[PDB]
Amino acid sequence: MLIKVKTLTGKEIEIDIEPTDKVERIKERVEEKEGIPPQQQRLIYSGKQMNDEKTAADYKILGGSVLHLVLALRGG
Amino acid sequence: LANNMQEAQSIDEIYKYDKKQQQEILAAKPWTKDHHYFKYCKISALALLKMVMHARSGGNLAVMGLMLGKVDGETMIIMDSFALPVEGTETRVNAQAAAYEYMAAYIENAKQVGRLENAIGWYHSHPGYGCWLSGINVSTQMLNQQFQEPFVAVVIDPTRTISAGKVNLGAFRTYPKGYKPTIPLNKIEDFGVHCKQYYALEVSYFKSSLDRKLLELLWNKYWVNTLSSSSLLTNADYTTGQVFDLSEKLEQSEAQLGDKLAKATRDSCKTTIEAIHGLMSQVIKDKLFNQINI
Amino acid sequence: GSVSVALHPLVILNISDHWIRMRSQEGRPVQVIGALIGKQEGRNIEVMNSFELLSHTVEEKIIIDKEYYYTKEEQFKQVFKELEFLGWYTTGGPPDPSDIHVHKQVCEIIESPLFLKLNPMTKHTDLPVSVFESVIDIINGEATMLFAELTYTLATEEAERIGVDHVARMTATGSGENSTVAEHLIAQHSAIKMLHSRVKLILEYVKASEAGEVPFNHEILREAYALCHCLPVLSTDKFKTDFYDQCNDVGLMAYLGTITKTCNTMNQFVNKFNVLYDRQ
């Protein structure tokens with residue numbers, strides 16, 4: 001598996017996770033690849049952010065899927 | 001508009017994007033070596049105008065958004081700015097759910113049309129709250145800089161800008177963890193309690209040849225304010241302050257000598273050129289008006 | 001006439017940036033096409049923003065992408081609420097049948113589309129931006145269509161005014177191969193040229209009046225006399241003394257400022273001489 005994770009600035013990440021596996025698995029893949037904290041990460045596919053509670057068993061990912069990774073930002 | 005060049009001018013190569021050079025400079029990563037690397041941020045006219053308009057259109061509430069561009073050498077180029085669908089209070093903004101989907105979709109759509117630049121920074125407006133990094137902007141800018149290294153925090157104040165007639169744009173970058181390193185105290189006061197945590201940058205603006213050509217015919221009644229310009233009178237305090245800082249720089253360069261002389265010479269040349277331009281305008285006015293019917 | 005259109009000084013900047021970026025990317029100048037947005041208030045149309053559009057080519061025909069337009073229309077409504085599609089723009093000179101074909105195709109989206117034309121390669125001082133309105137006439141047979149010329153306005157927000165003034169007064173955008181003296185003198189040249197044109201028009205009018213080929217106006221002539229009896233503005237001795245004082249002060253500021261540059265060149269020369277000529 002060579003699922004691509006792309007940041008908006010141009011960084012590339014390659015991870016290996018089976019589709020039946022939980023989104024927490026993707027989370028900890030990017031954890032052990034980069035180290036961005038779990039609570040400061042957002043992932044987007046097909047223009048819609050996925051929820052943590054949806055297992056990717058019935059999901060429109062059949063290979064070649066690119067995941068847009070962003071970091072939560074706040075201001076004052 | 002004649003007796004000059006009309007093809008691709010010397011102010012248009014700044015708008016050209018070279019993919020190979022950007023890839024090489026991203027692979028090189030010269031920022032990690034010297035942490036005081038970036039010192040200049042060049043913003044397009046369109047990006048600044050869009051930022052100011054979006055900040056003012058939000059009223060008394062706070063708004064936030066992204067800004068695209070690239071990085072070359074010691075400078076960060078910010079080309080375009082696109083807003084975000086954020087709902088913020090008078091003090092804080094969140095950008096909870098629809099902001100990130102908007103970011104991804106807008107970047108993809110822009111890449112579809114031909115926008116070849118990547119995201120280079122984020123901006124957030126203080127509605128009359130000065131221009132400084134708050135304890136939350138510092139944390140989020142550190143978060144962004146830790147992984148997406150080319151980044152910059154732009155702060156804009158719409159209320160103060162509209163009240164005083166001058167834009168207030170500040171570019172800042174955060175030091176990493178553990179990086180410690182009659183005069184007014186505003187140098188420490190106008191920043192938050194994290195004044196030692198982040199450092200500002202020199203902000204400059206640029207525009208294309210077509211931009212300047214179209215903006216030349218923007219309005220045909222500022223000629224009165226040019227003929228009766230009254231130069232060397234509205235910026236005397238500016239020239240005195242520049243002379244004082246120039247004397248300080250000269251003293252520092254003299255102390256060092258006993259490469260710092262280059263910037264002192266540049267500052268002196270700039271001040272003298274401004275004064276000479278003012279005198280030239282005054283001489284032109286005198287020749288035009290007072291040398292008739294003598 | 002027709003529908004009063006209000007143009008902001010942000011659409012034109014968008015078009016110019018679009019044209020410059022695509023010309024730089026493609027190497028050679030090209031044609032850019034997009035879509036305007038604004039508001040419709042009674043009989044008033046106001047254009048306040050624009051976003052780029054994707055267009056494909058089939059031999060000679062140019063086809064505007066529709067799915068991308070729909071996605072962009074759904075996307076832009078999130079940030080801007082009271083903004084609706086009004087017209088479409090392109091960069092070019094004289095009107096072309098390709099433009100009319102594109103307008104007819106675009107007409108399927110909105111009832112009364114506008115037509116904003118920008119001139120990036122203008123060869124005169126005439127206004128390069130022209131707002132055209134394409135109303136479907138009732139001419140039978142062949143569709144004889146000539147877009148009516150519209151006298152657009154320059155309605156502008158306050159922050160828009162501030163930003164426009166800031167970019168207009170910009171001077172650091174160049175100062176490279178072209179001397180800053182040129183940029184400083186160009187503004188004075190343009191202002192003097194416009195003043196000279198106005199006074200030349202006044203001179204032509206008074207020459208016509210004294211010739212007798214136009215009706216004699218007793219009020220405008222006396223106003224011209226009042227204007228013409230004050231060209232030597234403030235020729236007092238105190239003004240001359242102040243002018244000489246200012247000139248001397250600027251001369252001193254130039255002397256102190258050429259001395260430092262000469263000293264810097266001195267330092268560079270001595271540094272070079274103390275390494276490439278000094279015997280270790």
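The header says electron microscopy, 3.4 Å.
Every residue, even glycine, has its Cβ placed from backbone N, Cα and C.
The annotation (Microbial infection) Deamidated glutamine is assigned in Swiss-Prot to A:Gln40. Summarising the annotation, Swiss-Prot assigns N6-acetyllysine to A:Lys48. The site 'Interaction with UBE1C' annotation in Swiss-Prot covers A:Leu8, A:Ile44 and is backed by experimental evidence.
DSSP assigns the residue listed as '(Microbial infection) Deamidated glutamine' to a helical segment in the three-state reduction.
When Cβ atoms from all protein chains are considered, those within 10 Å of A:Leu8 (site 'Interaction with UBE1C') total 20, not counting its own. Separating the Cα atoms of A:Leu8 (site 'Interaction with UBE1C') and A:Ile44 (site 'Interaction with UBE1C') is a whole-number distance of 11 Å. Between the CA atoms of the residue listed as '(Microbial infection) Deamidated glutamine' and the residue listed as 'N6-acetyllysine' there is a gap of 18 Å. Cβ neighbour counts within 10 Å, taken over all protein chains shown, single out A:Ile44 as the most crowded of the recorded positions A:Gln40, A:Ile44, A:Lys48.
Under the three-state DSSP scheme, A:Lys48 (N6-acetyllysine) falls in the strand class.
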